[PDB]
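Here we start with a single chain on its own, the form deposited in one PDB entry, put down as structure tokens.
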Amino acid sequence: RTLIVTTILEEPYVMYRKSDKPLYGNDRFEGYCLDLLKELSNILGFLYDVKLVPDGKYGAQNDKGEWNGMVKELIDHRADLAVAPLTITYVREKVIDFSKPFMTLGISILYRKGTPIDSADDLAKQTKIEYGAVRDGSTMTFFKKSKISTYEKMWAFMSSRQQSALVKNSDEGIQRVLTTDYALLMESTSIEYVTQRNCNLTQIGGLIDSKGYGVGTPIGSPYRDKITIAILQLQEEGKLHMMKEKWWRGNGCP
């Protein structure tokens, strides 16, 4: 049978292809995750239909504890796999079976070049420069649930004033950084994509944590380990590396 793969739009993992006519099915999309999905299907030998997550969300719980986003699609068995920049977190790993990481990364800071800010501590210990993250993503959740004093403070600043320091998505966060005196807490992978294309911005400090993106499957899924094994094979052959270079490719900056 055909596997239903839930995903979400986000450059450069999943994007609408460009054509002079209307596109249909899997052909509507392209990006790192589509190349990954293609490699996985060739190795494990399965057909698949890509379907954008209806509510456009990654995955979190409501006050009742019920899930949404791609996580929910897997939990309800409306999707067999979730292929996207979906962070392997403690809370999510409890409700679905993640494959092993096909990409390793961490949270970092997106800000302007030629500045004296050099770390999260610098941001936390002042108030003139605003900073935040994408609402309901694994980055905001990191700050929300953190116990490390520096990060507890930064959270206080983020959730204050009805969370006005937070943005709805990466595109909005990036524009806010570009237009105002705002710093964006975002995953290193996405920051790298930006900095390579926009020399006016840079990453501040290093990674404040370590985590990975993994293919999601429903708990008990028989595809989880098979996918984990294909991912390890792809990494060992250098394919994951080639795929990353193919999609992050930019002129670079001085």
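In this text, residue numbers run from 1 along the sequence as written. Between two forms, the rigid core is the largest collection of C-alphas that superpose within 1.5 Å.
Keep in mind that the form deposited in another entry is missing from the display, and what follows is about it.
Following superposition on the rigid core between this form and the one not shown, the residue from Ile75, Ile88, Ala124, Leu105 with a C-alpha displacement of 2 angstroms or more is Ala124, and no other. Core-aligned CA deviation for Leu232 between this form and the one not shown: less than 2 Å. Relative to the superposed rigid core, the position of the CA of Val50 differs between this form and the one not shown by less than 2 Å. Once the cores line up, the CA of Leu201 ends up 2 angstroms or more apart between this form and the one not shown. Pairwise change in the other form: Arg161 and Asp209 C-alpha atoms lie closer than in the shown form, at least 3 Å.
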